[PDB]
Amino acid sequence: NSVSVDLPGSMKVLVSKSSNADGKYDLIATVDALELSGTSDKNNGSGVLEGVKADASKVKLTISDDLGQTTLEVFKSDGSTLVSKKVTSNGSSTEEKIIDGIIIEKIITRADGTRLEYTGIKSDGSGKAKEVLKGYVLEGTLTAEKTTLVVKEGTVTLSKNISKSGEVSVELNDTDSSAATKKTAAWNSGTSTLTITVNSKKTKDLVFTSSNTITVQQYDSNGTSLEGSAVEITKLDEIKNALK
């Protein structure tokens, strides 16, 4: 009869073992409590499935040709307009809530479980942003150009910027009135490293890892060379300490 096929988003689709007279395969999936069905001209679990919720909302599940991606959509009762969209591929999900054809929320859950949460989003792409890391969260804002997450400590502001393409840059600004103590920093995109300087001496490297972690390493008292080994930040307080 049918074949079960694993899907991204922790789902399953049942596909018929052979095709109908039109060459097409049956699809059935259950999503939470909802039974969806469609047909596909591929044999491998890919295609479209649709369903209806008790509140009349239309639901569509689209499985990409290689099963590398699923898109789970909910529409108004007529199917005309999006209400919710969830795309899962390769460990991660992006979930969007829509009102009036404007995305008012977007939660990206990464494969490591860290999340970027965008809320209260407006027509211009502005809203609040939160990155939820293992151990701590970073708060900030969203514009159309970038996400900016901020950590403040004393007169120092650390900003972690995430481009629309998903790329991370970081900067530090300090309003300190002295110069024995004022922090400045430079970003290396090469190595994803912010090197912090005080009184013409490097004091620390803050590495923003591909694993969505932050490490901190100190320099020698010359501020010429790194010492010890880098230490993974596991709490906001430790980012703050790096900025002291």
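Note that we place each Cβ from the backbone using ideal geometry, even for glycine, and neighbour counts take in every protein chain shown. Where a number appears in this text, it was derived from the coordinates with a stated rule and is not lab data.
When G140, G47, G51 are checked against the criterion of being within 17 Å of the chain's Cα centre (by Cα) and among the small types (G, A, S), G140 stands alone in meeting it. For the range 121-143, taking the residues that are within 15 Å of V168 (Cβ to Cβ) and not acidic (D, E), the one that is surrounded by the fewest Cβ atoms within 10 Å (Cβ to Cβ) is identified as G140.
Among the residues of the range 144-158, how many are touching a strand residue (DSSP E or B) at 6+ places or on another chain (Cβ under 7 Å), surrounded by fewer than 16 Cβ atoms within 10 Å (Cβ to Cβ) and farther than 18 Å from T181 by Cα? The qualifying residues number 1.
With respect to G51, is the statement that it is farther than 26 Å from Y118 by Cα, touching a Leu at 6+ places or on another chain (Cβ under 9 Å) and outside any strand (DSSP E or B) true? In short, no. Scanning the range 72-92 for residues that are acidic (D, E) and either in a loop (DSSP other than H, G, I, E, B) or touching a helix residue (DSSP H, G or I) at 6+ places or on another chain (Cβ under 8 Å) (or both) returns a single hit, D78. Looking only at the range 216-238, filter to residues that are assigned to a loop (DSSP other than H, G, I, E, B) and among the hydroxyl-bearing types (S, T, Y); which one of those is nearest to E131 (Cα to Cα)? Taking the candidates together, the pick is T234.
The residues listed here are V74, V52, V48, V5; of these, the one that is crowded, with 16+ Cβ neighbours inside 10 Å, of a type in the set (A, V, I, L, M) and either free of Cβ contacts under 8 Å to residues at least 40 places away in the same chain or closer than 30 Å to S126 by Cβ (or both) is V74. All conditions in (1) surrounded by fewer than 17 Cβ atoms within 10 Å (Cβ to Cβ); (2) assigned to a strand (DSSP E or B) hold for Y118, with the sole exception of (1).
One residue stands out among those in the range 193-211 that are under 30 Å from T109 (Cα atoms) and of a type in the set (S, T, N, Q): the one that is surrounded by the most Cβ atoms within 10 Å (Cβ to Cβ), which is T195. Do we find that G190 is under 21 Å from the mean Cα position of the chain (by Cα) and surrounded by fewer than 17 Cβ atoms within 10 Å (Cβ to Cβ) in this structure? In short, no. Restricting attention to the range 107-146, the residues that are free of Cβ contacts under 8 Å to residues at least 24 places away in the same chain and among the hydroxyl-bearing types (S, T, Y) add up to 6.
A single entry from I162, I214 fulfils the requirement of being surrounded by 13 or more Cβ atoms within 10 Å (Cβ to Cβ), touching a helix residue (DSSP H, G or I) at 6+ places or on another chain (Cβ under 9 Å) and not hydroxyl-bearing (S, T, Y): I214.
Is it fair to say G228 is small (G, A, S), more than 12 Å from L243 (Cα to Cα) and under 18 Å from the mean Cα position of the chain (by Cα)? So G228 fails the test.
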